[PDB]
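Engineer: I have a structure here, written as structure tokens, and I will follow up with some questions on it.
There are 2 protein chains.
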Amino acid sequence: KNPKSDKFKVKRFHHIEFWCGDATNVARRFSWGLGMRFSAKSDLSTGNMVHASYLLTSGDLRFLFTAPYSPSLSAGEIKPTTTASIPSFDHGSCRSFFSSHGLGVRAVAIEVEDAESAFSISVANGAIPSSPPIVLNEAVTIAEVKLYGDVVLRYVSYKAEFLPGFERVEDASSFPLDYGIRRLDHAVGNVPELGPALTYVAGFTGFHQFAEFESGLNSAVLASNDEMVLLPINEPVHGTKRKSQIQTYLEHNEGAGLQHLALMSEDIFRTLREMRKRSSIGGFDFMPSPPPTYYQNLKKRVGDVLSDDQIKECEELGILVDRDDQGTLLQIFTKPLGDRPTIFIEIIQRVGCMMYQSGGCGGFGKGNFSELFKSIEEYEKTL
Amino acid sequence: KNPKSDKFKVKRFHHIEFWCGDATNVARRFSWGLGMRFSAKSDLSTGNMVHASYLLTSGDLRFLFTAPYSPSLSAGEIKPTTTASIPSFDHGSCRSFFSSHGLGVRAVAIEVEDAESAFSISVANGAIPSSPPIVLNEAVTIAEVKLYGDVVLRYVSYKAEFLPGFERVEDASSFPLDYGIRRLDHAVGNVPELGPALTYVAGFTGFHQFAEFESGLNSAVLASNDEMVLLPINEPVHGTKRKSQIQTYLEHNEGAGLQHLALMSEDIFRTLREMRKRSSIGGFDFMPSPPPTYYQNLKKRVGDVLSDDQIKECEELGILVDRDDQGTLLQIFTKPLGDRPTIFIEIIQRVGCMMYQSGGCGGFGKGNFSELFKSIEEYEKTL
Ligand SMILES: Cc1c(C(=O)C2=C(O)CCCC2=O)ccc2c1c(=O)n(CC(=O)OCCOc1ccc3ccc4cccc5ccc1c3c45)c(=O)n2C
Ligand SMILES: Cc1c(C(=O)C2=C(O)CCCC2=O)ccc2c1c(=O)n(CC(=O)OCCOc1ccc3ccc4cccc5ccc1c3c45)c(=O)n2C
Ligand SMILES: [Co+2]
Ligand SMILES: [Co+2]
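Heads up: the protein sequence lines correspond to chains A and A', in order. A prime marks a further copy of an entry chain.
All letters in the first sequence, in the order written, are residues 35 to 194, 201 to 253, 262 to 403, 411 to 438 by PDB author numbering.
All letters in the second sequence, in the order written, are residues 35 to 194, 201 to 253, 262 to 403, 411 to 438 by PDB author numbering.
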């Protein structure tokens with residue numbers, strides 16, 4: 035059931051913003067590791083004396099990396115005279131965020147019809163305001179409300201190129217890397233208590249619970273009207289045999305925050321080949337691969353969707369496969385993106401639910424918790 | 035003249051430590067950009083609940099990247115019970131350093147005969163103590179005194201593998217990258233006043249002034273007995289036509305700090321080919337290349353050292369050449385390593401002064424300030 039109860043018009047995920055200590059080094063690492071090109075900047079060279087912000091793109095996926103300069107460079111400015119291109123930015127907030135949480139996502143940004151309306155309606159319906167609507171160059175409106183922890187949900191609306205004040209990046213510095221990633225599929229938060237988190241966010245968005253179908265978590269998914277904005281939220285389950293990874297996250301993150309970003313690839317085989325080639329030369333590492341019994345067990349569950357060769361290819365790359373009643377999901381998880389065992393990335397591709412493909416086709420891979428356990432148990436027997 | 039007045043026995047540069055917000059992302063970027071392999075770690079996986087530290091090596095060059103975890107992970111510890119592998123580390127110091135200066139060098143470490151003696155003698159002779167001598171696993175001694183700004187000179191001495205508590209890195213995560221870099225040649229500081237800086241450092245080390253031979265700087269070089277530890281220091285010259293780059297550094301860095309690291313290559317042509325291939329895919333950018341008149345002018349000044357083809361190769365890679373009365377220097381400068389226009393890297397190779412090669416052979420390239428200006432002026436005429 036989809037009650038289509040959005041309290042304002044939501045379009046798609048627009049961008050994800052990381053708050054960094056040094057935006058240059060994080061952006062360059064991510065660019066090489068994920069195959070995203072440098073497409074826009076706002077920094078000292080564009081007249082921004084407040085923050086350095088670098089935008090990477092791959093298809094429609096937009097990753098923004100931002101760090102503060104010395105406050106001394108902008109000490110004479112006030113908000114009316116600011117040279118910041120992102121008016122919600124604050125030196126103190128950014129330094130406090132990074133000292134508390136380490137490298138991570140500050141903003142989950144969605145494009146809406148009218149960011150001022152979205153903000154007003156959200157706050158009227160319980161949202162905690164974070165940054166009021168601000169019109170940039172009479173062209174783009176941006177506003178922010180609290181989502182969970184120190185993560186904000188950012189609303190952006192366009193009258194009619202990333203943001204005013206950002207400049208397109210010099211062709212020489214813009215190498216056209218591309219490993220197949222095309223858009224943000226979903227963005228997942230970890231919280232201490234799932235119930236209140238869901239009630240809060242669903243309360244101010246009108247997002248509805250998206251239908252699903262000993263692992264240390266309970267989870268639920270909030271979705272927009274056309275179910276293309278997908279926001280799963282996890283809480284820990286305590287007392288388990290293995291300590292809940294959600295609880296480890298909350299401890300190392302100093303509380304709630306964004307757990308993972310799931311990036312859709314138009315060719316997950318090529319994406320994983322390219323990313324794995326680069327794991328040990330600056331890119332990203334992946335979780336340990338499932339045992340061969342997991343891939344033998346694939347024939348029985350998805351042998352009608354993937355050929356033996358395609359199952360062989362999943363095995364070579366360590367890809368996981370799940371299925372619900374409507375579609376099939378190919379997925380894999382990186383190791384944590386930075387020092388702390390907190391944020392990581394998921395690569396996904398979805399098969400089925402053709403209408411365009413409906414959002415969330417195949418689910419989120421919850422069936423892979425028990426299939427990984429069974430396959431791990433099976434391999435001990437097969438040894 | 036070399037009075038050989040070192041007040042304690044100094045061996046060679048040992049390592050350089052960067053204080054980071056996220057050590058993982060900086061280390062991975064530097065590894066790919068410079069061709070350094072991951073060789074040791076001290077982090078949560080080795081039992082360190084205090085800081086994440088990753089060591090990159092290329093030949094004898096050692097770059098250490100360190101960031102603090104949440105203090106909550108180690109809140110029950112005291113210094114006698116610490117799980118930090120670098121006992122001088124302090125969460126508050128590291129966060130304050132990074133918030134003040136951004137990404138940069140915290141420690142210039144030199145290997146000495148006896149770090150406890152070096153520390154005592156240094157402080158007896160004016161050095162401001164930063165961290166007292168600490169013996170690690172009865173095997174290595176480490177001590178720190180202030181050098182300039184918030185940069186420390188770190189003394190390390192070994193009874194007889202980086203530091204106790206560090207583990208060698210898994211072969212799979214240790215890709216054997218190598219673009220030819222072999223050791224740290226010199227490390228350069230920017231200060232507001234050169235005179236007092238020289239007097240302070242020369243005072244507590246016994247390092248002597250190393251012989252040299262409108263650009264916005266005055267500089268002098270301090271050197272150890274065998275002149276293999278080389279510490280140039282710059283001060284700005286104000287009122288110039290173009291604003292002094294030393295003054296811009298001090299403004300964006302919030303005061304004195306390390307300006308650049310000069311890395312010796314055993315094959316500067318290969319190093320620059322490999323680094324330039326990677327500039328726009330995660331690595332490092334280089335300063336704009338000199339005009340072709342600069343390379344035509346090379347025939348008259350170094351045509352007895354480099355062939356036409358070797359001069360052609362310098363031109364293709366943007367390499368600068370200088371010469372003193374004893375040797376020839378090939379050098380080139382990167383753009384700043386991070387967000388701020390502060391720290392950068394120099395790649396160098398020295399020709400001559402064969403005895411082994413004596414330290415500082417060919418100088419530091421001061422002659423290239425006027426030759427760059429003349430060549431720039433010449434190219435305007437040749438247009
Ligand atoms: C994050 C996620 C999702 C997910 O998207 C998601 C949402 O979108 C919304 C709803 C709720 C939700 O969760 C789905 C499935 C997942 C994961 C996920 O994060 N993870 C790795 C994980 O649990 O991290 C600890 C890792 O546990 C392990 C610890 C130690 C090992 C040692 C050896 C091993 C060998 C072989 C395989 C192993 C697997 C896991 C190992 C392990 C393995 C998985 O496995 N699934 C299958
Ligand atoms: C750092 C250094 C050393 C050095 O090691 C050193 C020590 O070890 C110890 C003693 C003192 C000392 O200094 C030696 C020589 C250097 C440098 C160095 O840092 N730099 C670049 C620099 O001054 O940074 C602003 C850049 O200025 C420019 C601004 C704008 C441009 C625009 C177009 C251009 C086109 C072509 C060439 C250009 C060159 C410089 C341009 C420029 C160029 C140089 O050039 N030399 C020649
Ligand atoms: Co997911
Ligand atoms: Co130099």
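All residues carry an ideal CB built from backbone N, CA and C; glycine is no exception.
Does DSSP put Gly-136 (chain A') in a helix, in a strand, or in coil?
Structural biologist: Of the three classes helix, strand and coil, the one that applies to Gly-136 (chain A') here is coil, per DSSP.
Engineer: What is the DSSP secondary structure of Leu-217 (chain A'), counted as helix, strand or coil?
Structural biologist: Looking at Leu-217 (chain A') - three-state DSSP - the assignment turns out to be coil, as it is neither helix nor strand.
Engineer: Report the rounded CA-to-CA distance for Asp-274 (chain A) versus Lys-38 (chain A), giving the unit in angstroms.
Structural biologist: Distance between the alpha carbons of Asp-274 (chain A) and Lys-38 (chain A): 8 Å.
Engineer: So the alpha helix (DSSP H) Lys-180 (chain A) belongs to, where does it begin and stop?
Structural biologist: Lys-180 (chain A) -> not in any alpha helix (DSSP H); beta strand (DSSP E) instead, spanning 174-182.
Engineer: What I want to know is whether the C-beta of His-308 (chain A) ends up closer than 8 Å to one or more non-hydrogen atoms of ligand 1.
Structural biologist: Within the cutoff, so yes.
Engineer: What residue does the beta strand (DSSP E) around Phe-334 (chain A) start on, and which one ends it?
Structural biologist: Neither: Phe-334 (chain A) is in no beta strand (DSSP E) and is coded neither H nor E.
Engineer: Rounded to a whole number of angstroms, what is the C-alpha to C-alpha distance between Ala-251 (chain A') and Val-269 (chain A')?
Structural biologist: Distance between the alpha carbons of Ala-251 (chain A') and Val-269 (chain A') is about 8 Å.
Engineer: Is it buried or exposed for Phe-428 (chain A), if we count other Cβ within 10 angstroms and need 16 for buried?
Structural biologist: The residue in question, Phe-428 (chain A), is exposed, as its Cβ has fewer than 16 Cβ neighbours within 10 Å.
Engineer: Comparing the C-beta of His-308 (chain A) with each C-beta of chain A', is any distance below 9 Å?
Structural biologist: No, because no Cβ of chain A' sits closer than 9 Å to the Cβ of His-308 (chain A).
Engineer: Give the secondary structure of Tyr-411 (chain A') by DSSP, where H, G and I count as helix, E and B as strand, and everything else as coil.
Structural biologist: In the structure shown, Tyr-411 (chain A') sits in coil (DSSP, three-state: anything other than H, G, I, E or B).
Engineer: So with Cβ pairs under 9 Å, would you call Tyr-297 (chain A') a contact of chain A?
Structural biologist: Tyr-297 (chain A') does not count as touching chain A.
Engineer: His-300 (chain A') CB to nearest chain A CB: under 9 Å?
Structural biologist: Yes, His-300 (chain A') lies at the interface with chain A (some Cβ there is under 9 Å from its Cβ).
Engineer: Taking the beta strand (DSSP E) that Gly-305 (chain A') falls in, what are its first and last residues?
Structural biologist: Residues 305-313.
Engineer: Can we count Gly-67 (chain A) as close to ligand 4, meaning its CB is less than 8 Å from some heavy atom?
Structural biologist: False, no ligand heavy atom lies under 8 Å from that Cβ.
Engineer: What does DSSP give as the partner residue(s) for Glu-394 (chain A) in the beta ladder?
Structural biologist: Paired residues: A:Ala-310, A:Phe-381.
Engineer: Is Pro-236 (chain A) helix, strand or coil by DSSP?
Structural biologist: Residue state, collapsed to three classes: helix.
Engineer: Beta carbon of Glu-394 (chain A'): closer than 8 Å to some heavy atom of ligand 4?
Structural biologist: For ligand 4, at least one heavy atom lies less than 8 Å from the Cβ of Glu-394 (chain A').
Engineer: What residues from chain A' crowd round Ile-329 (chain A), counting only those whose CB sits closer than 8 Å?
Structural biologist: Under the 8 Å cutoff, chain A' gives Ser-65, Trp-66, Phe-215, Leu-217.
Engineer: Just checking: is the beta-carbon of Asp-372 (chain A) within a distance shorter than 9 Å of some beta-carbon in chain A'?
Structural biologist: Output row for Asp-372 (chain A): interface = no.
Engineer: Rounded to whole angstroms, what is the Cα-Cα separation between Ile-144 (chain A') and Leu-137 (chain A')?
Structural biologist: Distance between the alpha carbons of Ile-144 (chain A') and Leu-137 (chain A') is about 21 Å.
Engineer: Using a threshold of 8 Å, is the CB atom of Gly-420 (chain A) nearer than that to any non-hydrogen atom of ligand 3?
Structural biologist: Correct: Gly-420 (chain A) has its Cβ closer than 8 Å to ligand 3.
Engineer: How about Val-139 (chain A'): is its Cβ closer than 8 Å to a heavy atom in ligand 4?
Structural biologist: Result no, Cβ not under 8 Å from ligand 4.
Engineer: Relative to chain A', which residues along the region 35-61 of chain A have a C-beta separation below 8 Å, given in chain order?
Structural biologist: Listed by position along the chain: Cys-54, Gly-55, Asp-56, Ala-57, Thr-58, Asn-59, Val-60.
Engineer: Check whether the Cβ of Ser-263 (chain A') sits closer than 8 Å to any heavy atom of ligand 2, and report yes or no.
Structural biologist: Correct: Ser-263 (chain A') has its Cβ closer than 8 Å to ligand 2.
Engineer: What does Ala-86 (chain A) reach in chain A' if we use C-beta pairs closer than 7 Å?
Structural biologist: Residues of chain A' passing the Cβ test: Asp-387.
Engineer: Does the beta-carbon of residue 407 (chain A'), which I'm using as the reference point, lie nearer than 8 Å to any heavy atom of ligand 2?
Structural biologist: The gap in chain A' between 403 and 411 takes in residue 407 (chain A'), so it carries no coordinates here.
Engineer: Going by CA-CA distance only, name the one from A':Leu-298, A':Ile-155, A':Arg-398 that's closest to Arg-222 (chain A').
Structural biologist: Closest by alpha carbon: A':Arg-398.
Engineer: Which same chain residues, not among the five before or five after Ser-108 (chain A), have their C-beta less than 6 Å away from its C-beta?
Structural biologist: Only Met-83, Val-84 meet the Cβ criterion.
Engineer: Using CA atoms only, rank isn't needed, just tell me which of A:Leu-438, A:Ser-106, A:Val-60, A:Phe-317 is closest to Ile-367 (chain A).
Structural biologist: Nearest of A:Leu-438, A:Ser-106, A:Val-60, A:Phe-317 to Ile-367 (chain A), Cα basis: A:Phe-317.
Engineer: With hydrogens ignored, establish whether the beta-carbon of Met-335 (chain A) is closer than 8 Å to any heavy atom of ligand 1.
Structural biologist: The answer is yes for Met-335 (chain A).
Engineer: Relative to the C-alpha of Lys-421 (chain A'), which candidate in A':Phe-392, A':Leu-234, A':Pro-384, A':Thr-376 has its C-alpha closest?
Structural biologist: The shortest Cα separation from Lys-421 (chain A') among A':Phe-392, A':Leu-234, A':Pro-384, A':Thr-376 belongs to A':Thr-376.
Engineer: In terms of DSSP beta bridges, what is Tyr-192 (chain A') paired with?
Structural biologist: Per DSSP, A':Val-174.
Engineer: DSSP three-state call for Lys-360 (chain A): helix, strand or coil?
Structural biologist: In this structure, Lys-360 (chain A) counts as helix in the three-state DSSP scheme.
Engineer: Return the chain-ordered list of same chain residues with a C-beta closer than 7 Å to the C-beta of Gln-293 (chain A'), the five sequence neighbours on each side being excluded.
Structural biologist: Closer than 7 Å at the Cβ level, and outside the excluded window around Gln-293 (chain A'), lie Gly-264.
Engineer: Since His-226 (chain A) and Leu-278 (chain A) are thought to touch, with beta carbons under 8 Å apart, how far apart are those beta carbons, to the nearest angstrom?
Structural biologist: Contact holds; Cβ gap of about 4 Å.
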